[PDB]
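Presented below, as C-alpha cells, is a lone chain in the form deposited in one PDB entry.
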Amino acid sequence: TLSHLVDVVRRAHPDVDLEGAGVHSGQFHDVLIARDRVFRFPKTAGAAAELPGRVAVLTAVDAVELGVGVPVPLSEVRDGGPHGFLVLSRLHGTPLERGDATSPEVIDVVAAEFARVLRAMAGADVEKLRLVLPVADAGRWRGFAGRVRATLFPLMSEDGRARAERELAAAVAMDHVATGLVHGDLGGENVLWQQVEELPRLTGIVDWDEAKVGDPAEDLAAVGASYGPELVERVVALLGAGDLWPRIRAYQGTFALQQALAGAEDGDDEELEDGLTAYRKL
C-alpha cells in the first residue's frame, strides 16, 4: 500500500524527503514520520472517524496554553488517500532518561518544567475541556478491577491476588476528581526535552490519545514512576500538592497491573509477563 501513500504525499505536498522517514503501520493507521511532518492514513473508513477526534483534542489542548509544544494540524483532515489523512507538525526532542533528570545541577529545573506544565493543566477551563475530551468517570476503577480479576488473577500466586486486591481497592476507594486536564502517560517517551543553553527544557508533548478531564494526581503518579521519589517530591512541593500523596500512591499501586492487563488485552507477551512479576514467584 505504502508506495501508493508516498505518491499521495508527494501529490499533496511536493517537497517531503521520504528516505530517513520512519514508518509505523500499526493496527488502525499507517503513519509516515518525515522531517518536520507526520502523515496518518487510516486503514478502514471506521478508523478515519479518529482524525477529527485527534484534531479536536489537539486544538482543545493547544487552547489551554500549556507553555510547551503540542502537535499542530498542518493540514485540514483530507478525504484523499484510501480513507483520508491528517498531516501534523513533528515535535523535536528526546525523552529525558532517569539518570539525566536527577543530577543535582538539573533536578530543580526538571521539577519546574513538570510543575509549569502540570500547573497549567490543573488550571485549564474544564467547562471548555468537558465539551471535547473524555471525562473521568466514577466507575473507571471498579471497571479496571473486574478486568484484572477476569484476566490476570488466575495467573497469580494467592499472595499475588491479595496484593492486587489491596492495590485495586486503594484505587476504587478514591472519590471522584475532574478539575483539570490529565495527559495520562506523562513521563513516557512522548514527553520531549532539548538542551537549551546547557539545561533541560520540556519542549513538546506528543500522544494526547488518553487525555481527559480528571484528577491532577494521576499525572503526578506517572512522573514519580518514571523518575523516582526525589523528582516527584520536588514537583509536588513546587505545586503545593502535598494533600495529593494518598491519591498519588493509589495510582502508582495500579501501574504494574495496568501494564499486565494491557499486555493481555492488546497482545504484548513481554508487557503481560513483566507486570505480573510481583504477583507470582521466581
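Residue indices: 1-based, along the sequence shown.
*Asks:* Between 208-216 and 157-165, which has the larger average Cα B-factor in the PDB entry?
*Replies:* Of 157-165 and 208-216, the stretch with the higher C-alpha B-factor average is 157-165.
*Asks:* Comparing 26-34 with 236-244, where is the mean C-alpha B-factor higher?
*Replies:* Per the PDB entry, the higher value belongs to 26-34.
*Asks:* Taking the Cα B-factors listed in the entry, which of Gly180, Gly187, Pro104, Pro134 comes out highest?
*Replies:* Highest C-alpha B-factor among the listed options: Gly187.
*Asks:* Can you tell me which of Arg201, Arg116, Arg98, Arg130 has the highest Cα temperature factor in the record?
*Replies:* Answer, based on the entry's C-alpha B-factors: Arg98.
*Asks:* According to the PDB entry, is the CA B factor of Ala138 in the bottom, middle or top third of its chain, that is, lowest, middle or highest?
*Replies:* It falls in the top third of the chain.
*Asks:* Sorting the chain's CA B-factors, does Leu257 end up in the lowest, middle or highest third?
*Replies:* Tercile = middle for this residue's CA B-factor.
*Asks:* Using only modelled residues of the chain, where does the Cα B factor of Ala111 rank: lowest third, middle third or highest third?
*Replies:* Its C-alpha B-factor belongs to the lowest third of this chain's values.
*Asks:* Compare the C-alpha B factor of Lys43 with those of the other modelled residues in its chain, then answer lowest, middle or highest third.
*Replies:* Tercile = highest for this residue's CA B-factor.
*Asks:* Lowest, middle or highest third: which one holds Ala150 when the chain's residues are ordered by CA B-factor from the entry?
*Replies:* Tercile = highest for this residue's CA B-factor.
Unshown form solved in complex with a partner chain; subsequent notes refer to it.
*Asks:* What I'd like checked is whether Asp185, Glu189 and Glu271 together line its partner chain in the bound PDB entry, meaning each has a non-hydrogen atom within 4.5 Å of it.
*Replies:* Yes, because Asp185, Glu189 and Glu271 each have a heavy atom that approaches its partner chain to within 4.5 Å in the bound PDB entry.
*Asks:* Would you point out which of 58-66, 252-260, 230-238, 43-51 contains residues with a non-hydrogen atom within 4.5 Å of its partner chain in the bound PDB entry?
*Replies:* In the other structure, the partner sits against 252-260.
*Asks:* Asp17: heavy atom within 4.5 Å of its partner chain in the bound PDB entry?
*Replies:* The answer is no: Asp17 has no heavy atom within 4.5 Å of its partner chain.
*Asks:* Do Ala225 and its partner chain come within 4.5 Å of each other in the bound PDB entry, heavy atoms counted?
*Replies:* Taking the distances in the bound PDB entry, the answer for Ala225 is yes, it comes within 4.5 Å of its partner chain.
*Asks:* Consider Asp266 of the chain shown here, and say whether it contacts its partner chain in the bound PDB entry, taking contact as heavy atoms within 4.5 Å.
*Replies:* Yes, contact at 4.5 Å.
*Asks:* With the partner left out here, check for me: in the bound PDB entry, does some heavy atom of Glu210 sit within 4.5 Å of its partner chain?
*Replies:* Answer yes; at least one heavy atom of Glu210 falls within 4.5 Å of its partner chain in the bound PDB entry.
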